[PDB]
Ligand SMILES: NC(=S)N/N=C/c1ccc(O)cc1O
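The form deposited without the ligand is given below as one chain in structure tokens.
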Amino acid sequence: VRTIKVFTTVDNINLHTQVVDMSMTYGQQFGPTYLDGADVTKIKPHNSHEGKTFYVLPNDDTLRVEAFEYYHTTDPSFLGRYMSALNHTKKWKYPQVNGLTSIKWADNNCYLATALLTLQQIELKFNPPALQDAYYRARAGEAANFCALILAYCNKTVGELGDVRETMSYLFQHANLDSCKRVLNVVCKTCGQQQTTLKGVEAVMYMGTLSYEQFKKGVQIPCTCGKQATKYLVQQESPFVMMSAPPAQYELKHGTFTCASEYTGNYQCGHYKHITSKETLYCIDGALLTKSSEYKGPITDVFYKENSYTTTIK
């Protein structure tokens, strides 16, 4: 019986030394096994595997605690889905554009590139160590693990078309937004006024207007009575806000926003670009960078810096 030593892991933090039989498959010895994202379940050990780290499914109480503490999920499919995405994302290119890590276009990844660019510019702390650790690598120019984790957390596969807003709402569930707070007042000429308070993810995201200034002054929404009412922002406590609406032609003014999602196409099929406000306006389209003093284009998300806002409307 010939053997080598390898490490198995669910997290790549806690390594578990294993003596492996070179006459059995990894699958026979460990269950589903991954080597740098590749499924080696049905492969027999090779001498070059000595001292390498293999991922395995949590098949005992030790591994399940380690996996839960790292990923903050008990979904047994998660590790498998992360490894299948990572097997493709480790082959993408991560261009440095304007001091930011982007992604060269591939497998409809424009929505992921736009989310990655946005996450480098808004103030957000991820709760799971997996996302904290992979985000740090993405900043250092190696975003493959971060992109594969986003796909696993959102239950999306490489190649699937995606929406930036939907992606940010899933990721924001894993971010520490617990103390974010939004107070709204809605004024109806029939029904009167209604003040509500939102906490967490709901406190930082709004669907129906791109303009943070217009949200502060009043937006028109349908009341339950069938009239139009006026909704406005009374108080905001958060490090950023995300304002979204169905794609429409919109003017981004230098200095008035952090970054924005441009979307061209239709609900089914389309392309995201990323607009950021530095000393001038930059349009990041994967690896491609164009700059202008002005922008007009089909915008669907705008991100704004915030700390504490209280309306002066009495």
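Residues carry their position along the shown sequence, with the first being 1.
One more form of this protein, deposited with the ligand bound, exists but is not displayed; see below.
**Q** Just to be sure I understand the contacts: of 138, 79, 180, 241, which is the one whose heavy atoms reach within 4.5 angstroms of the ligand in the deposited complex?
**A** In short, 79.
**Q** Have a look at 73, 87, 235, 211 for me and say which one sits with a heavy atom within 4.5 Å of the ligand in the deposited complex.
**A** Checking each option against the ligand in the deposited complex, the one that comes within 4.5 Å is 73.
**Q** Though only this chain appears here, would residue 44 touch the ligand in the deposited complex if you measure heavy atom gaps against 4.5 Å?
**A** No, residue 44 sits far enough from the ligand in the deposited complex that none of its heavy atoms falls within 4.5 Å.
**Q** Mark residue 64 yes when one of its heavy atoms lies within 4.5 Å of a heavy atom of the ligand in the deposited complex, and no otherwise.
**A** Result yes; residue 64 sits at the interface with the ligand in the deposited complex.
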